[PDB]
Structure formats: C-alpha cells, structure tokens
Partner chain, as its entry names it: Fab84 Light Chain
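This document starts with one chain, in the form solved without its partner chain, laid out as structure tokens.
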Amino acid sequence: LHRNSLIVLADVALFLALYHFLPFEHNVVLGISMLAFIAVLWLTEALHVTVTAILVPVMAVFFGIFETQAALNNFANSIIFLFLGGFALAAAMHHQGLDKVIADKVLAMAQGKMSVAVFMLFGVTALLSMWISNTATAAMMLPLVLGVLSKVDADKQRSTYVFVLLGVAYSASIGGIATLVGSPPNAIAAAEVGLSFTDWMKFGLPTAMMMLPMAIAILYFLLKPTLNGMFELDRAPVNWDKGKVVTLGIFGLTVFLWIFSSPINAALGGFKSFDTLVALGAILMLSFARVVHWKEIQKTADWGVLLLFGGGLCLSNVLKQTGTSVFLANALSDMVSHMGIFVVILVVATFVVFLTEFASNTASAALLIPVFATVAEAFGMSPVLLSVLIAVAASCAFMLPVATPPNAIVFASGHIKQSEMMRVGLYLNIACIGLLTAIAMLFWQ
C-alpha cells in the first residue's frame, strides 16, 4: 500500500527471522531482534519516532522482559521534567518577546554595518539555541536575516544569502550542543549516564565555542560573500517593559542554580535530581509571576520528544536486562582490542555525523547511546565519552535540508542550492569529526 507500511511489514519479518534463526540465548536473541526492529523503525521514520518509543514498552512487556508499570516508569525520569522546564522557559521568552528584544538590541549594537551584523546574528542564534530550541530559533531568526539582506540584490549576490542563512542554521544546531537543554540528544545522554546540567556544560560549551567559528570560517572560505553594505531595518526598536525583566530574572536565577547545584545541593541536604527540581521551580516561578500560562507551555512543548526519551531509556533497560549488552561486548572485545580507542571514536563520530544527515538526530542518539553505553559498561569504559560524542555528532547535521528542521526551514527560502549545501556540509562534517575526536582524546581520554 505505502512505503512506510511495507517497511513496517518487512521489519516484522526481519524480527521473526532473527527470533527463529539466531543460535544464541533466548534473552539475547529477543534483545537483538528488538534492537534491529526499533533501529529500522527509527532510522526509516516509517512510524513517528514517538510512536516507536511507545511501542518499545509494549513489545518489552508482551515478550516478558518487564512488567507494565516498570516499563512505563522510564517515561517519568527526572531528565524529562528538566527538559519540560526548559520548554516552559522558552515559552515564556517567546510569549514576552525576550528573544526578539535580545536580537534587536544586538543588531542595534551593530550601528549599520552588515559585516558584523551577520556574525552577531550567528552568535545570538547560538545563544538562543542553548535554551529555546534549534528549530524555533532559526524560524524566528530567518525574518531578521531577510530584513538585513533586503538591500543586497538576491539574484547576483546569492552567496551572501547562503552565508547568512546556513550560518544561522548551523549556529542554532551548534548552540543546541552547549547546554543539556537545546538538543534532545543531550538529554538522552544525560539520562543514560547520569550527567548534571553543569556536567554537560563543561563538555559541550567548549565544543560549541570551538566549532561555531570553524563552521563560519569554512563557510566564508568556501563561498565568498562581500559583506560591505549597510542595513536600515524598518522595524521599530522594541523596548524593555514589565514582564520581560521578570522573565529574564527568573531565567538568570534558574541558570545560576543549574550551574551551582552541587554546592547549593550539598548545602541543602543532597537532593538527587536538583537540576530537575530547579526546572520545576522555574515553572512555578513563571506561573506565579504570570509571565506565561500553561496553554502556551503546552503549545510550545514537544511531548513526543519526552516520550521518545522514555522509549530510549526503556530500550537501554531492555538491553541491560537481557544480557545483550554484555554479549555484544564479549563479541566485540577482540575487535576493540585490535583497534584502539582513538579509531573507535573516529569511526563512531564518522558514522553518527554521516547518519544524522538522513536520520533524525534525536532518534539516532536514542538508538545509539544505549548500545554504545551498555556495551561500554561491559568493557568498563565509563560510557560518558561515547554517549556525549554520539549526542554531539547527532546534533552535527549540515548536509541536507531534511536532516534537521532549521536546515529545512532555511532551505524553504529558495536562495540556497542543494549542491552548495551538500558540499559545505561535507567539509564541515569532516572538520567536526576531527574536532570531536581531538576533544575526546585530549580533554576526556
């Protein structure tokens, strides 16, 4: 009937074939077949990643791996509520116009010169993507880009549009790498291997600061924009007012608590998920101040991402319970011994960066982090390096518009060519592979 339905049926056939024709233990066979089924579903997007995540507990229970409540309890992890609080913050900013105010103030700090407005556009895009999202950030920044570029004759200077546009999209995708919020893959890794907000920040903030300038330089030295004119924005200067200040103060307090959780928590009793508690407190403070309402929060939040978090966690639990992780570790011990950690991370980064171009970053991270984590635990090899590397690589999607929402959004303008986008993404992917490998070897080891 449809390609998606045929893919689902073929995946079912593959599951049955592995179930009946695998000479391993029953539990290992079940886990491997389930892993292949979920992998095909997520990568091919035959069903929505959230629907597949909902399926994971169902076929875990029906095959006698977990009880229903135990399987469903993976959907209430503290990380999910942390990222819900992140959604609440972003909804408040959008409702109050804080993001627009910040962008306008930065572009005002640019007097009239487009030579610097584009670069500060990239910087503010990354800053917003730390907190709000990768998609909404690019969506709201695009009109600003077009307004700045309204006087540059977009028939003969299309290279400048490609610059200011792909830079914004990549800046959003990279700013999502700096914070636990901003990119769902970071949440998946943190949930898998117990990473706090500041623990992830110490990992992803230098990476983002070192990759964004590299991406901009690659763009500039691949395609040559002029960047010598001036821009006179027609939009009026939006000023500060009550509610924006309160939202900014709540945001700053929440960030301060997230950063200094460890001393604060040590001074309050030692709560287990203080970051999640702070996120919920942020929700409560915003509601009390009446700067955002639950209807806006609900509309802004992507609950499918949270359900996908739960599904990935359930898959990791299934792999750990069935012995599939340790079985794969025993199988791969010889290979990993022959070829060392440097090349292990090299190939992992290459695979993830070149896979997220075709597959969703969140689904790819949810699929791979459990595997390389539970397997790594069987090697010892604390599964923080691989999980964080996989999340960052998944966030690093640059070659195709379908790869990432902001890429598609910026491609919708019509001023960008498939060939140019693919080649720029190729060079950036190679550079990101090198940078991530070096970072993991040096700073993390």
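Shifts are known only where both forms have a C-alpha. Positions refer to the first chain, counted from 1. The term rigid core refers to the most C-alpha atoms you can superpose between the two forms while keeping them within 1.5 Å.
Another form exists, deposited with its partner chain bound; not displayed. Remarks below refer to it.
Legend entry - Contact at 330, 379 and 445 by its partner chain in the deposited complex, all three, heavy atom at most 4.5 Å: Yes, the whole trio is in contact, each within 4.5 Å by some heavy atom.
Inset, instruction - Taking 4.5 Å between heavy atoms as the contact cutoff, choose which of 155, 334, 241, 234 touches its partner chain in the deposited complex. - result: So the residue touching its partner chain in the deposited complex, by this definition, is 334.
Legend entry - Sole residue of 102, 210, 341, 217 within 4.5 Å of its partner chain in the deposited complex, by heavy atom: So the residue touching its partner chain in the deposited complex, by this definition, is 341.
Inset, instruction - May I ask you to check whether residue 142 falls inside a 4.5 Å heavy atom distance of its partner chain in the deposited complex? - result: Judged by the heavy-atom cut-off of 4.5 Å, residue 142 is well away from its partner chain in the deposited complex.
Legend entry - Close approach of residue 326 to its partner chain in the deposited complex, 4.5 Å, heavy atom: Taking the distances in the deposited complex, the answer for residue 326 is yes, it comes within 4.5 Å of its partner chain.
Inset, instruction - Given that the partner is absent here, state which listed stretch (217 to 225, 348 to 356, 120 to 128, 371 to 379) has heavy atoms within 4.5 Å of its partner chain in the deposited complex. - result: Flagged stretch: 371 to 379.
Inset, instruction - Taking its partner chain as it sits in the deposited complex, which residues of 279 to 313 have a non-hydrogen atom within 4.5 Å of it? Please list them. - result: Sequence-ordered list is empty.
Legend entry - Regions of at least 3 residues displaced between this form and the one not shown by 2 angstroms or more (CA, core superposed): In sequence order there is one run that relocates between this form and the one not shown, which is 443 to 445.
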